[PDB]
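Worksheet: one structure, shown below.
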Amino acid sequence: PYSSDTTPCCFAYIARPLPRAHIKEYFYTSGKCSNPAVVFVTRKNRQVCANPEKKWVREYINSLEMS
Amino acid sequence: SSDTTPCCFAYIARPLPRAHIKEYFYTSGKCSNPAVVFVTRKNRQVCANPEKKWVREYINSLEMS
Ligand SMILES: O=C(O)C1=C[C@H](O)[C@@H](OS(=O)(=O)O)[C@H](O[C@H]2[C@H](O)[C@@H](NS(=O)(=O)O)[C@@H](O)O[C@@H]2CO)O1
(Lines give C-alpha, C1' and ligand atoms only; values in the text may rest on other atoms or scores of the structure.)
Protein backbone atom coordinates (compact mmCIF):
# COMPACT_ATOMS: atom_id res chain seq x y z
CA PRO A 1 0.00 0.00 0.00
CA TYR A 2 1.01 3.63 -0.48
CA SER A 3 -0.44 7.13 -0.67
CA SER A 4 -2.87 7.48 -3.57
CA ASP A 5 -1.90 11.15 -3.76
CA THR A 6 0.80 12.18 -6.23
CA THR A 7 4.41 11.95 -5.09
CA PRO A 8 7.24 14.03 -6.55
CA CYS A 9 9.93 12.32 -8.63
CA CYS A 10 12.98 13.59 -10.52
CA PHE A 11 13.86 12.76 -14.13
CA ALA A 12 16.80 15.15 -14.54
CA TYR A 13 19.58 16.54 -12.33
CA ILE A 14 20.81 20.12 -12.22
CA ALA A 15 24.14 20.00 -14.07
CA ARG A 16 26.16 22.24 -11.73
CA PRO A 17 26.11 23.25 -8.04
CA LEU A 18 23.42 25.69 -6.95
CA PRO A 19 24.58 28.60 -4.78
CA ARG A 20 24.86 27.07 -1.30
CA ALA A 21 23.48 30.24 0.34
CA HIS A 22 20.30 29.97 -1.74
CA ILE A 23 19.43 26.60 -0.17
CA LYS A 24 17.42 26.27 3.02
CA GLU A 25 16.11 22.69 2.93
CA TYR A 26 16.40 19.34 1.18
CA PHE A 27 14.66 15.97 1.00
CA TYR A 28 15.18 12.70 -0.81
CA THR A 29 12.47 11.75 -3.28
CA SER A 30 10.49 8.59 -2.48
CA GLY A 31 12.18 5.23 -3.05
CA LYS A 32 9.18 4.45 -5.26
CA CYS A 33 10.63 6.75 -7.92
CA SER A 34 12.73 5.29 -10.75
CA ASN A 35 15.67 7.57 -9.95
CA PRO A 36 17.20 8.30 -6.56
CA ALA A 37 17.36 12.05 -6.02
CA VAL A 38 17.93 14.97 -3.72
CA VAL A 39 15.57 17.92 -3.94
CA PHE A 40 16.99 21.21 -2.70
CA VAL A 41 14.50 23.88 -1.67
CA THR A 42 15.80 27.38 -2.40
CA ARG A 43 14.98 30.47 -0.37
CA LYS A 44 12.69 31.56 -3.21
CA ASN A 45 11.00 28.23 -2.45
CA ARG A 46 11.96 26.59 -5.73
CA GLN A 47 12.58 22.85 -5.80
CA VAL A 48 15.64 21.58 -7.65
CA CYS A 49 16.52 17.97 -8.44
CA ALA A 50 20.13 16.92 -7.82
CA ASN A 51 22.19 13.71 -8.08
CA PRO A 52 22.91 12.23 -4.61
CA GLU A 53 26.04 10.60 -6.05
CA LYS A 54 27.60 14.00 -6.76
CA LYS A 55 30.23 15.24 -4.32
CA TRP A 56 28.78 18.75 -4.01
CA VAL A 57 25.33 17.28 -3.37
CA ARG A 58 26.59 15.18 -0.46
CA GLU A 59 28.51 18.14 0.98
CA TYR A 60 25.47 20.43 0.75
CA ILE A 61 23.44 17.79 2.59
CA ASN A 62 26.12 17.46 5.27
CA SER A 63 26.14 21.25 5.57
CA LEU A 64 22.34 21.52 5.74
CA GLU A 65 22.24 18.88 8.47
CA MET A 66 24.46 21.14 10.58
CA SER A 67 22.46 24.35 10.20
CA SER B 1 14.16 19.81 -16.53
CA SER B 2 15.53 19.30 -13.02
CA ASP B 3 12.19 20.32 -11.50
CA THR B 4 10.06 17.63 -9.81
CA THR B 5 7.23 15.77 -11.55
CA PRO B 6 4.19 14.29 -9.79
CA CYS B 7 3.87 10.52 -10.24
CA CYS B 8 1.40 7.93 -8.95
CA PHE B 9 2.17 4.69 -7.12
CA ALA B 10 -1.34 3.80 -5.95
CA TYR B 11 -4.88 4.44 -7.19
CA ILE B 12 -7.74 5.56 -4.96
CA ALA B 13 -9.92 2.51 -4.24
CA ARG B 14 -13.36 4.11 -4.36
CA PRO B 15 -14.75 6.80 -6.69
CA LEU B 16 -14.12 10.35 -5.47
CA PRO B 17 -17.16 12.59 -5.09
CA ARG B 18 -17.63 14.35 -8.44
CA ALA B 19 -18.80 17.58 -6.81
CA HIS B 20 -15.41 18.58 -5.43
CA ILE B 21 -13.19 17.95 -8.46
CA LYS B 22 -12.19 21.08 -10.38
CA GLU B 23 -9.93 19.55 -13.03
CA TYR B 24 -7.76 16.60 -14.02
CA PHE B 25 -4.54 15.81 -15.84
CA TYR B 26 -2.56 12.72 -16.81
CA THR B 27 0.73 12.13 -15.02
CA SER B 28 3.85 12.31 -17.18
CA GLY B 29 4.72 9.39 -19.43
CA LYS B 30 8.09 9.51 -17.67
CA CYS B 31 6.34 8.07 -14.60
CA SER B 32 6.36 4.27 -14.47
CA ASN B 33 2.63 3.89 -13.85
CA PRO B 34 -0.01 5.46 -16.10
CA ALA B 35 -2.42 7.66 -14.17
CA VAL B 36 -5.13 10.27 -14.11
CA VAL B 37 -4.89 12.90 -11.40
CA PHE B 38 -8.11 14.45 -10.12
CA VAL B 39 -7.52 17.79 -8.41
CA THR B 40 -10.01 18.63 -5.66
CA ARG B 41 -11.17 22.11 -4.64
CA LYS B 42 -8.90 21.70 -1.60
CA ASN B 43 -6.07 21.11 -4.07
CA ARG B 44 -5.44 17.48 -3.15
CA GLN B 45 -4.01 15.54 -6.12
CA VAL B 46 -5.70 12.14 -6.19
CA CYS B 47 -4.36 9.29 -8.33
CA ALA B 48 -6.84 7.15 -10.27
CA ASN B 49 -6.62 4.25 -12.73
CA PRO B 50 -7.36 5.42 -16.32
CA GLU B 51 -8.89 2.03 -17.12
CA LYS B 52 -11.64 2.38 -14.50
CA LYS B 53 -15.11 3.19 -15.82
CA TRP B 54 -15.91 5.92 -13.30
CA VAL B 55 -12.56 7.52 -14.10
CA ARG B 56 -13.35 7.67 -17.82
CA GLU B 57 -16.83 9.04 -17.08
CA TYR B 58 -15.41 11.77 -14.84
CA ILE B 59 -12.91 12.69 -17.55
CA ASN B 60 -15.62 12.87 -20.21
CA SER B 61 -17.62 15.04 -17.81
CA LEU B 62 -14.69 17.40 -17.26
CA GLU B 63 -14.22 17.51 -21.04
CA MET B 64 -17.82 18.53 -21.74
CA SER B 65 -17.28 21.57 -19.51
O1 LIG C 1 8.10 13.65 4.40
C2 LIG C 1 7.06 13.19 4.82
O3 LIG C 1 6.53 13.67 6.01
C4 LIG C 1 6.38 12.13 4.05
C5 LIG C 1 5.11 11.72 4.35
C6 LIG C 1 4.38 10.62 3.54
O7 LIG C 1 4.22 9.46 4.37
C8 LIG C 1 5.15 10.21 2.21
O9 LIG C 1 4.86 11.22 1.21
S10 LIG C 1 4.65 10.64 -0.22
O11 LIG C 1 3.36 9.60 -0.24
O12 LIG C 1 4.38 11.73 -1.09
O13 LIG C 1 5.84 9.97 -0.69
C14 LIG C 1 6.70 10.20 2.50
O15 LIG C 1 7.08 9.18 3.51
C16 LIG C 1 8.34 8.52 3.29
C17 LIG C 1 8.48 7.83 1.92
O18 LIG C 1 7.41 6.88 1.78
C19 LIG C 1 9.86 7.14 1.79
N20 LIG C 1 9.98 6.48 0.50
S21 LIG C 1 9.75 4.85 0.42
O22 LIG C 1 9.93 4.43 -0.93
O23 LIG C 1 10.84 4.10 1.41
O24 LIG C 1 8.43 4.53 0.83
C25 LIG C 1 10.97 8.20 1.93
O26 LIG C 1 10.88 9.16 0.84
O27 LIG C 1 10.87 8.90 3.22
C28 LIG C 1 9.56 9.54 3.42
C29 LIG C 1 9.53 10.25 4.80
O30 LIG C 1 9.88 9.35 5.87
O31 LIG C 1 7.07 11.56 2.99
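Just so you know, ligand 1 is whichever comes first in the structure, and atom 1 is the first atom listed for that ligand. A, B, ... follow the sequence lines: proteins, then strands. Residue 1 opens every chain. What's counted below: heavy atoms across the whole structure, side chains too, no hydrogens, waters or symmetry copies.
- With hydrogens left out, the protein atom closest to atom 24 (O) of ligand 1 is A:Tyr2 CE1, 3.6 Å, a heavy atom.
- Using a 4.5 Å cut-off between side-chain heavy atoms of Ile, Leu, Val, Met, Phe, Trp and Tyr, B:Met64 forms no hydrophobic cluster with any other residue.
- Note on residues 27-40 of chain A: no pairs pass salt bridge (charged side-chain N to carboxylate O under 4.0 Å, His left out), not counting sequence neighbours.
- Of all atoms in ligand 1, numbered sequentially from 1 with element shown, those under 4.0 Å from a heavy atom of A:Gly31 are 20 (N), 21 (S), 22 (O).
- Closer than 4.0 Å to atom 31 (O) of ligand 1 lies none of the heavy atoms of the protein.
- Residues A:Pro36 and A:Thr29 come closest through the heavy atom pair C-OG1, 4.3 Å.
- The distance from ligand 1 to the heavy atoms of A:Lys32 drops below 4.0 Å at these ligand atoms: 22 (O).
- For atom 3 (O) of ligand 1, no protein heavy-atom neighbour is present inside the 4.0 Å cut-off.
- Here is the list of ligand 1 atoms found below 4.0 Å of a heavy atom in A:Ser3: 11 (O).
- The nearest protein atom to atom 12 (O) of ligand 1, hydrogens excluded, is given as A:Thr7 CG2, 3.2 Å; this is a heavy-atom distance.
- Not a single protein heavy atom sits closer than 4.0 Å to atom 27 (O) of ligand 1.
- Centroid-to-centroid, the aromatic rings of B:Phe38 and B:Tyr58 come within less than 6.0 Å.
- There is no protein heavy atom less than 4.0 angstrom from atom 9 (O) of ligand 1.
- At a threshold of 4.5 Å between non-hydrogen side-chain atoms, the residues A:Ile23 and A:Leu18 count as touching.
- Summary of contacts: the protein heavy atom closest to atom 25 (C) of ligand 1 is A:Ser30 CA, 4.5 Å.
- The residue from A:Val38, A:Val39, A:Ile14 that alone fulfils the side-chain contact (heavy atoms from CB on, under 4.5 Å) condition with A:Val48 is A:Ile14.
- B:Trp54 is not listed as a side-chain neighbour of B:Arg18, based on a closest heavy-atom distance of 4.5 Å or more.
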